[PDB]
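Asks: Contents of upload-v2.cif (mmCIF, C-alpha atoms and all ligand atoms) are given next:
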data_work
loop_
_atom_site.label_atom_id
_atom_site.label_comp_id
_atom_site.auth_asym_id
_atom_site.auth_seq_id
_atom_site.Cartn_x
_atom_site.Cartn_y
_atom_site.Cartn_z
CA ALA A 1 -21.33 -6.53 0.55
CA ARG A 2 -19.41 -7.78 -2.48
CA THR A 3 -15.65 -8.31 -2.29
CA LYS A 4 -12.76 -8.83 -4.69
CA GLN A 5 -8.99 -9.45 -4.59
CA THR A 6 -6.58 -7.21 -6.50
CA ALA A 7 -2.79 -7.06 -6.54
CA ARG A 8 -0.04 -4.71 -7.72
CA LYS A 9 1.23 -7.34 -10.18
CA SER A 10 -2.18 -8.42 -11.46
CA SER B 695 -13.46 -14.16 -12.19
CA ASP B 696 -13.83 -10.53 -11.07
CA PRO B 697 -16.85 -10.46 -8.72
CA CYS B 698 -17.30 -6.70 -9.29
CA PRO B 699 -16.08 -5.74 -12.77
CA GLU B 700 -17.56 -2.21 -12.62
CA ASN B 701 -15.76 -1.40 -9.34
CA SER B 702 -12.30 -0.11 -8.50
CA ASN B 703 -9.23 -2.32 -8.22
CA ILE B 704 -7.73 -0.06 -5.50
CA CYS B 705 -9.04 1.54 -2.32
CA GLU B 706 -10.46 5.06 -2.43
CA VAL B 707 -8.58 6.07 0.73
CA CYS B 708 -5.03 4.67 0.64
CA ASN B 709 -4.94 3.94 -3.14
CA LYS B 710 -3.71 0.36 -2.70
CA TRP B 711 -4.77 -3.12 -3.78
CA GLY B 712 -5.87 -6.04 -1.60
CA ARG B 713 -9.14 -7.40 -0.27
CA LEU B 714 -11.59 -4.74 -1.44
CA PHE B 715 -15.24 -4.12 -0.63
CA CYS B 716 -17.29 -2.85 -3.55
CA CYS B 717 -20.13 -0.35 -3.41
CA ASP B 718 -23.43 -1.24 -5.06
CA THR B 719 -24.43 2.27 -6.17
CA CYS B 720 -21.05 3.69 -7.28
CA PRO B 721 -17.79 2.18 -8.59
CA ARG B 722 -15.72 2.81 -5.47
CA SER B 723 -13.86 0.15 -3.47
CA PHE B 724 -12.62 0.30 0.13
CA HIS B 725 -10.50 -1.85 2.40
CA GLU B 726 -12.50 -3.34 5.26
CA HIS B 727 -11.12 -0.80 7.75
CA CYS B 728 -10.20 2.09 5.43
CA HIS B 729 -13.91 2.81 5.01
CA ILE B 730 -15.70 4.70 7.77
CA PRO B 731 -17.81 3.28 9.29
CA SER B 732 -16.19 -0.14 8.86
CA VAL B 733 -17.95 -2.00 6.06
CA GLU B 734 -20.98 -4.05 7.11
CA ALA B 735 -19.77 -7.08 5.18
CA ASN B 736 -23.22 -8.74 5.07
CA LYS B 737 -25.41 -5.83 3.91
CA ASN B 738 -27.01 -6.07 0.45
CA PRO B 739 -27.05 -3.77 -1.33
CA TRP B 740 -24.20 -1.94 0.43
CA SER B 741 -23.75 1.76 -0.30
CA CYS B 742 -20.52 3.56 0.54
CA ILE B 743 -20.11 6.73 2.60
CA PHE B 744 -20.11 8.95 -0.49
CA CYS B 745 -23.51 7.73 -1.68
CA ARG B 746 -25.02 7.95 1.82
CA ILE B 747 -23.67 11.49 2.13
CA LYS B 748 -25.19 12.37 -1.25
CA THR B 749 -28.56 10.96 -0.14
CA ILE B 750 -28.45 12.96 3.09
CA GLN B 751 -27.16 16.17 1.50
CA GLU B 752 -29.74 16.51 -1.25
CA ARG B 753 -32.53 15.79 1.27
CA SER B 754 -31.56 17.80 4.37
CA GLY B 760 -25.47 29.06 6.38
CA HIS B 761 -25.07 27.75 9.91
CA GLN B 762 -23.05 28.94 12.90
CA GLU B 763 -20.13 26.87 14.19
CA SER B 764 -21.44 27.08 17.78
CA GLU B 765 -24.78 25.56 16.79
CA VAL B 766 -23.14 22.82 14.70
CA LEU B 767 -20.79 21.87 17.54
CA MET B 768 -23.72 21.87 19.99
CA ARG B 769 -25.50 19.12 18.00
CA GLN B 770 -25.88 15.66 19.49
CA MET B 771 -24.32 12.80 17.52
CA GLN B 772 -27.52 11.70 15.81
CA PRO B 773 -27.13 9.35 12.80
CA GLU B 774 -26.81 12.26 10.36
CA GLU B 775 -24.14 14.09 12.39
CA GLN B 776 -22.50 10.73 13.10
CA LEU B 777 -22.24 9.99 9.39
CA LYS B 778 -21.02 13.50 8.55
CA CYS B 779 -18.21 13.29 11.12
CA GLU B 780 -17.29 9.81 9.87
CA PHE B 781 -17.12 11.26 6.35
CA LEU B 782 -15.00 14.23 7.47
CA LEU B 783 -12.51 11.92 9.17
CA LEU B 784 -12.45 9.70 6.07
CA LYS B 785 -11.73 12.79 3.95
CA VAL B 786 -8.77 13.42 6.24
CA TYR B 787 -7.65 9.80 5.77
CA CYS B 788 -7.86 10.30 1.99
CA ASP B 789 -4.75 12.53 2.12
CA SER B 790 -1.28 11.00 2.21
CA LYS B 791 0.06 13.48 4.77
CA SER B 792 -2.44 12.15 7.32
CA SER B 793 -0.38 8.98 7.60
CA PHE B 794 1.94 10.96 9.88
CA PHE B 795 -0.86 11.37 12.45
CA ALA B 796 -2.53 7.94 12.17
CA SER B 797 -0.62 5.67 14.58
CA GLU B 798 0.16 6.38 18.22
CA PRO B 799 3.05 8.91 18.25
CA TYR B 800 6.63 8.44 19.34
CA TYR B 801 7.34 10.58 22.44
CA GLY B 808 4.89 13.41 26.45
CA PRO B 809 1.91 15.73 26.07
CA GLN B 810 -0.98 16.15 28.49
CA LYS B 811 -3.35 14.12 26.30
CA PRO B 812 -1.96 12.40 23.19
CA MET B 813 -4.35 11.80 20.31
CA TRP B 814 -4.00 10.26 16.86
CA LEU B 815 -6.22 9.50 13.90
CA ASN B 816 -6.80 5.79 14.55
CA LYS B 817 -7.96 6.54 18.11
CA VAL B 818 -10.56 9.01 16.86
CA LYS B 819 -11.60 6.35 14.34
CA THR B 820 -12.00 3.88 17.22
CA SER B 821 -13.88 6.25 19.53
CA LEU B 822 -16.18 7.42 16.72
CA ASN B 823 -16.73 3.79 15.67
CA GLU B 824 -17.80 2.84 19.20
CA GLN B 825 -19.89 6.06 19.31
CA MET B 826 -17.88 7.45 22.23
CA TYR B 827 -18.94 11.01 21.26
CA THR B 828 -22.29 12.38 22.39
CA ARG B 829 -21.97 15.66 20.48
CA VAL B 830 -20.00 16.82 17.44
CA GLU B 831 -17.77 18.95 19.69
CA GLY B 832 -16.09 15.81 21.04
CA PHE B 833 -14.96 14.67 17.60
CA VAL B 834 -13.98 18.16 16.43
CA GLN B 835 -12.14 18.59 19.73
CA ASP B 836 -10.04 15.45 19.43
CA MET B 837 -9.24 16.30 15.81
CA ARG B 838 -8.15 19.80 16.80
CA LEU B 839 -6.25 18.33 19.75
CA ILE B 840 -4.04 16.43 17.30
CA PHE B 841 -2.90 19.68 15.69
CA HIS B 842 -2.58 21.46 19.04
CA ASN B 843 -0.18 18.80 20.31
CA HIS B 844 1.72 18.79 17.02
CA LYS B 845 2.26 22.55 17.26
CA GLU B 846 3.29 21.96 20.87
CA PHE B 847 6.01 19.30 20.55
CA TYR B 848 7.44 19.43 17.00
CA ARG B 849 9.57 22.32 15.71
CA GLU B 850 11.02 20.85 12.50
CA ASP B 851 10.05 22.92 9.48
CA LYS B 852 8.93 20.11 7.16
CA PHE B 853 6.64 18.30 9.60
CA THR B 854 5.41 21.62 11.04
CA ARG B 855 4.26 22.72 7.59
CA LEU B 856 2.82 19.21 7.20
CA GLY B 857 0.63 19.55 10.29
CA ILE B 858 -0.44 23.03 9.22
CA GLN B 859 -1.62 21.64 5.87
CA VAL B 860 -3.49 18.71 7.42
CA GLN B 861 -5.10 21.11 9.90
CA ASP B 862 -6.36 23.37 7.10
CA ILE B 863 -7.68 20.28 5.29
CA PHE B 864 -9.67 19.19 8.35
CA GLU B 865 -11.07 22.67 8.95
CA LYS B 866 -12.11 23.22 5.33
CA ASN B 867 -13.78 19.82 5.07
CA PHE B 868 -15.36 20.57 8.45
CA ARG B 869 -16.97 23.84 7.39
CA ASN B 870 -17.97 22.51 3.97
CA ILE B 871 -19.66 19.32 5.20
CA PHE B 872 -21.64 20.89 8.06
CA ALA B 873 -22.44 23.97 5.90
CA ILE B 874 -21.04 26.66 8.18
CA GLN B 875 -21.31 30.33 7.25
CA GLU B 876 -18.38 32.58 6.33
CA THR B 877 -18.09 36.23 7.40
ZN ZN A 901 -20.89 4.38 -3.38
ZN ZN A 902 -7.43 1.14 1.85
#
Would you mind giving the structure from this file in structure tokens?
Ligand SMILES: [Zn+2]
Ligand SMILES: [Zn+2]
Replies:
Amino acid sequence: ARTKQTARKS
Amino acid sequence: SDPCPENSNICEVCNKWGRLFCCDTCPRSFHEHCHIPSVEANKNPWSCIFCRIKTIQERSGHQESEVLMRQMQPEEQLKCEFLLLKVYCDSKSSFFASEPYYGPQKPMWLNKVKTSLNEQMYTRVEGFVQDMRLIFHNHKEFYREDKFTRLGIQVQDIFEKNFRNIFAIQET
């Protein structure tokens, strides 16, 4: 499964 | 660069950022443990619980007794997992997620039903529906404060409505 990295200040 | 540009930047359950798993048939994204069942990180292509429910639904009135009598076969297993996820998708459910604070005869919280259902500790649907209802029973037993009492009433109605909608139970 593909993954990613998100952030509140991004 | 964004590995999954056509997929969400926040989880579908808790609506927060972080390490997200991306579905390969719809644009949803889930934390590793916010999805139910927990994401099989090495499955390609991975479809989320909403797509698997759609596949089952369009290719599969009932009585509540008969539904509860059913053994936890992969369909019923996935429906219950989806019902519990639908409960998780409401903010009020955070009150019932962790192990509570007090002593009842048998405490029960959301994460423990997640764990038991994950380890397939239920042989029939009645076990899962019974632990879910046991959460609200104990809440109506130990808490009298008006705000949290109304809160548990609302979460109860949410579980029961999602329960009768997903398993297609008859009114009247
Ligand atoms: Zn999907
Ligand atoms: Zn999440």
Asks: Please indicate the distance in Å from atom CA of residue 745 of chain B to atom CA of residue 728 of chain B, rounded to one decimal place.
Replies: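 Interatomic distance, atom CA of residue 745 of chain B to atom CA of residue 728 of chain B: 16.1 Å.
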Asks: Residues near residue 711 of chain B, anyone? I mean within 7 Å using only C-alpha atoms, not counting same-chain ones fewer than 2 positions away, as a PDB file with C-alpha atoms, keeping the file's coordinate frame.
Replies:
ATOM      1  CA  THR A   6      -6.580  -7.210  -6.500  1.00  0.00           C
ATOM      2  CA  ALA A   7      -2.790  -7.060  -6.540  1.00  0.00           C
ATOM      3  CA  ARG A   8      -0.040  -4.710  -7.720  1.00  0.00           C
TER       4      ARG A   8
ATOM      5  CA  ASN B 703      -9.230  -2.320  -8.220  1.00  0.00           C
ATOM      6  CA  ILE B 704      -7.730  -0.060  -5.500  1.00  0.00           C
ATOM      7  CA  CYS B 705      -9.040   1.540  -2.320  1.00  0.00           C
TER       8      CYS B 705
END
Asks: Give me the chain B side of the contact with ligand ZN 902 (chain A), cut-off 9 Å, one line per residue showing its nearest atom pair and distance in Å at one decimal, counting all atoms listed in the file, sorted by chain and residue number, as JSON lines.
Replies:
{"residue": "B:704", "atom": "CA", "partner": "A:ZN902", "partner_atom": "ZN", "distance": 7.5}
{"residue": "B:705", "atom": "CA", "partner": "A:ZN902", "partner_atom": "ZN", "distance": 4.5}
{"residue": "B:706", "atom": "CA", "partner": "A:ZN902", "partner_atom": "ZN", "distance": 6.5}
{"residue": "B:707", "atom": "CA", "partner": "A:ZN902", "partner_atom": "ZN", "distance": 5.2}
{"residue": "B:708", "atom": "CA", "partner": "A:ZN902", "partner_atom": "ZN", "distance": 4.4}
{"residue": "B:709", "atom": "CA", "partner": "A:ZN902", "partner_atom": "ZN", "distance": 6.2}
{"residue": "B:710", "atom": "CA", "partner": "A:ZN902", "partner_atom": "ZN", "distance": 5.9}
{"residue": "B:711", "atom": "CA", "partner": "A:ZN902", "partner_atom": "ZN", "distance": 7.5}
{"residue": "B:712", "atom": "CA", "partner": "A:ZN902", "partner_atom": "ZN", "distance": 8.1}
{"residue": "B:713", "atom": "CA", "partner": "A:ZN902", "partner_atom": "ZN", "distance": 9.0}
{"residue": "B:714", "atom": "CA", "partner": "A:ZN902", "partner_atom": "ZN", "distance": 7.9}
{"residue": "B:723", "atom": "CA", "partner": "A:ZN902", "partner_atom": "ZN", "distance": 8.4}
{"residue": "B:724", "atom": "CA", "partner": "A:ZN902", "partner_atom": "ZN", "distance": 5.5}
{"residue": "B:725", "atom": "CA", "partner": "A:ZN902", "partner_atom": "ZN", "distance": 4.3}
{"residue": "B:726", "atom": "CA", "partner": "A:ZN902", "partner_atom": "ZN", "distance": 7.6}
{"residue": "B:727", "atom": "CA", "partner": "A:ZN902", "partner_atom": "ZN", "distance": 7.2}
{"residue": "B:728", "atom": "CA", "partner": "A:ZN902", "partner_atom": "ZN", "distance": 4.6}
{"residue": "B:729", "atom": "CA", "partner": "A:ZN902", "partner_atom": "ZN", "distance": 7.4}
Asks: Using all atoms listed in the file and a cutoff of 6 Å, can you tell me which residues are near (-18.6, -6.8, 1.1) in the file's coordinates, and write them out as number ranges by chain?
Replies: A: 1-3; B: 715, 735
Asks: Sorted by chain and rising residue number, which residues of chain B lie within 12 Å of ligand ZN 901 (chain A), and what are their closest atom pairs and distances in Å to one decimal, counting all atoms listed in the file, as a tab-separated table?
Replies:
residue	atom	partner	partner_atom	distance
B:700	CA	A:ZN901	ZN	11.8
B:701	CA	A:ZN901	ZN	9.8
B:702	CA	A:ZN901	ZN	11.0
B:706	CA	A:ZN901	ZN	10.5
B:715	CA	A:ZN901	ZN	10.6
B:716	CA	A:ZN901	ZN	8.1
B:717	CA	A:ZN901	ZN	4.8
B:718	CA	A:ZN901	ZN	6.4
B:719	CA	A:ZN901	ZN	5.0
B:720	CA	A:ZN901	ZN	4.0
B:721	CA	A:ZN901	ZN	6.4
B:722	CA	A:ZN901	ZN	5.8
B:723	CA	A:ZN901	ZN	8.2
B:724	CA	A:ZN901	ZN	9.9
B:729	CA	A:ZN901	ZN	11.0
B:733	CA	A:ZN901	ZN	11.8
B:739	CA	A:ZN901	ZN	10.4
B:740	CA	A:ZN901	ZN	8.1
B:741	CA	A:ZN901	ZN	5.0
B:742	CA	A:ZN901	ZN	4.0
B:743	CA	A:ZN901	ZN	6.5
B:744	CA	A:ZN901	ZN	5.5
B:745	CA	A:ZN901	ZN	4.6
B:746	CA	A:ZN901	ZN	7.5
B:747	CA	A:ZN901	ZN	9.4
B:748	CA	A:ZN901	ZN	9.3
B:749	CA	A:ZN901	ZN	10.6
Asks: Using only C-alpha atoms, find the one residue out of B:827, B:801, B:814, B:841 that sits nearest to residue 767 of chain B.
Replies: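 Result for the nearest residue to residue 767 of chain B: B:827.
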Asks: I'd like the interatomic distance between atom CA of residue 865 of chain B and atom CA of residue 773 of chain B, to a tenth of an Å.
Replies: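 Calculated distance between atom CA of residue 865 of chain B and atom CA of residue 773 of chain B is 21.2 Å.
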Asks: Step by step: start from the point (-3.4, 7.5, 21.4) in the file's coordinates, keep every protein, DNA or RNA residue that has an atom no farther than 12 Å from it, count all atoms listed in the file, and write the set as a list in words.
Replies: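 Collected hits near the coordinates: residues 795, 796, 797, 798, 799, 800, 801, 808, 809, 810, 811, 812, 813, 814, 815, 816, 817, 818, 819, 820, 821, 836, 837, 839, 840 and 843 of chain B.
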Asks: So the first atom is atom CA of residue 838 of chain B and the second is atom CA of residue 763 of chain B; what is the distance between them in Å, to one decimal place?
Replies: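 Taking atom CA of residue 838 of chain B and atom CA of residue 763 of chain B, their separation equals 14.2 Å.
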Asks: From the list B:761, B:825, B:732, B:737, which residue is nearest chain A when using only C-alpha atoms?
Replies: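 Residue with the minimum atom-to-atom distance to chain A: B:737.
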